[PDB]
Amino acid sequence: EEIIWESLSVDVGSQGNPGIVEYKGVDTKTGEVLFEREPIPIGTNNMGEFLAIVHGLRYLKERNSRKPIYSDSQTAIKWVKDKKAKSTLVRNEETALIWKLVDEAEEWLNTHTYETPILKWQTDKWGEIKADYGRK
RNA sequence: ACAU
DNA sequence: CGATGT
Ligand SMILES: [K+]
Ligand SMILES: [K+]
Ligand SMILES: [K+]
Ligand SMILES: [Mg+2]
Ligand SMILES: [Mg+2]
């Protein structure tokens, strides 16, 4: 089982969990940063991991790219497969933004098609995913 | 347990 | 040490 270097890698970063959430996508081969989301004041790690994958799907579809996406998040990979982010985060005025983005990401999944393989990055064998924030 |  | 998730 070897790395598919022709791929997009995504990851969340946070200050607190729940806390400030951001995410980015990079070229697995080169580390070039391809997209970065502006920090969201309150969210969870898994909401961010989910948004990162969906953004990657949208990014690759817009560019007519068949590359796979790597994520290190078992949870977010499943939520994308299910088209349903089963987050425990309370809905209130302070979490409204992240929940709106999650709802809109689900809505996109329910209205578009993709063949993009969504692959588990095998951290135990390969080290940290290339999109990691270096904060742990 | 496993993955963040 | 705390948290989010299957
Ligand atoms: K990190
Ligand atoms: K990790
Ligand atoms: K746990
Ligand atoms: Mg991650
Ligand atoms: Mg990371």
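Note on naming: letters A, B, ... go to the chains in the order of the sequence lines (proteins, then strands), and numbering restarts at 1 for each one.
- Residues meeting the salt bridge (charged side-chain N to carboxylate O under 4.0 Å, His left out) test with A:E107, sequence neighbours left out: none.
- Hydrophobic cluster membership differs between A:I77 and A:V12, with clusters built from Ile, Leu, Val, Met, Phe, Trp and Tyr side chains linked at under 4.5 angstrom.
- Between the CE atom of A:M47 and the P atom of B:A3 there is a distance of 23 Å, given to the nearest Å.
- In this structure, A:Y70 belongs to a hydrophobic cluster whose other members, linked by side-chain heavy atoms under 4.5 Å apart, are A:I3, A:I4, A:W5, A:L119, A:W121, A:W126, A:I129.
- Close to B:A3, at under 4.0 Å from its OP1 or OP2, lies no side-chain N or O of A:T123.
- Interface residues of residues 26-45 of chain A facing DNA chain C, ordered by number: A:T44, A:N45; criterion, heavy-atom separation under 4.0 Å.
- Interatomic distance, A:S9 OG to A:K67 NZ, rounded to the nearest 0.5 Å: 10.5 Å.
- The same ILVMFWY cluster, assembled from side-chain heavy atoms under 4.5 Å apart, contains both A:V10 and A:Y23.
- Scanning for salt bridge (charged side-chain N to carboxylate O under 4.0 Å, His left out) contacts around A:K83 gives an empty result, with sequence neighbours left out.
- In terms of the salt bridge (charged side-chain N to carboxylate O under 4.0 Å, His left out) criterion, residue partners of A:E104 (sequence neighbours excluded) are, by chain and number, A:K100.
- Considering only residues two or more places apart in sequence or on other chains, A:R66 meets the salt bridge (charged side-chain N to carboxylate O under 4.0 Å, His left out) condition with A:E115.
- A:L109 CG to A:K84 NZ: the interatomic distance, rounded to the nearest 0.5 Å, is 11.0 Å.
- Within 6.0 Å of NZ in A:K120 there are more than 12 heavy atoms belonging to other residues, nucleotides or ligands.
- Residues from residues 124-136 of chain A lying near RNA chain B, meaning a heavy-atom separation below 4.0 Å, are absent.
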Could you list the donor-acceptor pairs under 3.5 angstrom formed between side-chain atoms of residues 36-60 of chain A and any protein atom two or more places apart in sequence or on another chain?
unit_1: A:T44; atom_1: OG1; unit_2: A:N46; atom_2: N; d: 3.4
unit_1: A:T44; atom_1: OG1; unit_2: A:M47; atom_2: N; d: 3.0
unit_1: A:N45; atom_1: OD1; unit_2: A:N17; atom_2: ND2; d: 3.3

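- Contact check of residues 89-101 of chain A against RNA chain B (heavy atom, cut-off under 4.0 Å) returns no residues at all.
- Backbone-only contact: A:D72 has heavy atoms under 4.0 Å from sugar-phosphate atoms and none from a base.
- Taking the charged nitrogens against the carboxylate oxygens, A:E6 and A:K29 have no contact shorter than 4.0 Å, which rules out a salt bridge.
- For DNA chain C, the span of nucleotides reached by chain A at under 4.0 Å from its heavy atoms goes, 5' to 3', from C:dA3 to C:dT6.
- No continuous path of ILVMFWY side-chain contacts below 4.5 Å connects A:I20 to A:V102, so the two sit in separate hydrophobic clusters.
- Taking CG of A:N110 as the reference point, atom CH2 of A:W108 lies at 11.0 Å (rounded to 0.5 Å).
- The salt bridge (charged side-chain N to carboxylate O under 4.0 Å, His left out) contacts involving residues 126-136 of chain A comprise A:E22-A:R135, A:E128-A:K136, A:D132-A:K136, where partners must be two or more places apart or lie in separate chains.
- Listed in residue order, the members of residues 74-86 of chain A having a heavy atom less than 4.0 Å from DNA chain C are A:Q74, A:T75, A:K78, A:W79, A:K86.
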